[PDB]
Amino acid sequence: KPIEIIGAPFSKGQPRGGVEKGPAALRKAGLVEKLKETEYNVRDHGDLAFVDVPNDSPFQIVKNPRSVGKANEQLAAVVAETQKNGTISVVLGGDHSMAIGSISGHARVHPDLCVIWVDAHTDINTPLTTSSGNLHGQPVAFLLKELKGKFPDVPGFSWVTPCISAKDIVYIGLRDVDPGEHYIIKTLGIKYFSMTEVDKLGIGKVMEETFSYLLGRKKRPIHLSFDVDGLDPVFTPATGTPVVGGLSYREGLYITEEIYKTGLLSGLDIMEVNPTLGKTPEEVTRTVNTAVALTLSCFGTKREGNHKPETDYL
């Protein structure tokens, strides 16, 4: 099966600059090279080039709506394309607002996909409930069907179509949820596992329930939108919104290990890696590497080790 790396050097989803340098560091850490060494065909599509919408006025509170709507429009197109040709799309990137485009382009080719969202935040704020207007905290809002027409239309997102419902998404890692965001997820009966659940249940049982809940009836494609801040700040210190008491490095690998085993991985999001937010070179390296490592886990790399088929090492 083929794999395609898509860089999405974008950062207008949030105020802190640096995330556009994300895909660049992930590659610099040998994400491709390493990937090639697995049982998958790798092809680097390069980093999409975004054209900055001049005079992008803030739609009420929502900031840079047109720049983000155009950036995501462009990507969704590219993702749909590689999905079309039967390959797995892997989106390295800047902020998490690019998930709007990634999950959209994916949904087109596979309208029956479900989403496993590993993040410390829900990112389900509507243009009406954000307190910052930063779009990187509203992706789920544009993609959900139930949240359709529950908020005014935004400059540039016209092209979007609420493709997935609240019964096809699952959260794992939540620990910092806004009042409104909590309202929406309790209102729409969305399935999730907050750090407290992860604590009570254990990561093993979490993944167990997440699959039987999303693949119970029909076995559909899986889109893994992984927000690097879903691990405790200790492991992935270089991000915009660190939040203590989160997933651990082991837990994050186990979650990507189990998803691999389901053989249903169709799309991936290695979002929020910001090479400029590390208090020391170490931290940034720590962060870029676990991101890399998490990605390789999604595509084979097992901790127990791996060996090439049909080869007798003795």
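Counting begins at 1, following the sequence as shown.
- In this crystal structure, the stretch out of 197-205 and 79-87 whose C-alpha atoms carry the higher mean B factor is 79-87.
- Remark: stretch with higher mean C-alpha B factor among 228-236 and 210-218 is 210-218.
- Highest C-alpha temperature factor among 96, 175, 223, 108, as the PDB entry reports it: 108.
- Among 288, 277, 247, 264, the highest C-alpha B-factor in the deposited entry belongs to 277.
- Among all modelled residues in this chain, the alpha-carbon of residue 69 has a temperature factor (C-alpha) in the middle third.
- Compared with the other modelled residues of the chain, the Cα B-factor recorded for residue 152 ranks in the highest third.
- Looking at the C-alpha B-factors along this chain, the one for residue 242 belongs to the lowest third.
- When the modelled residues of the chain are ordered by their C-alpha B factor, residue 306 lands in the highest third.
- Residue 270: CA B factor in the middle third of modelled residues in this chain (values from the PDB entry).
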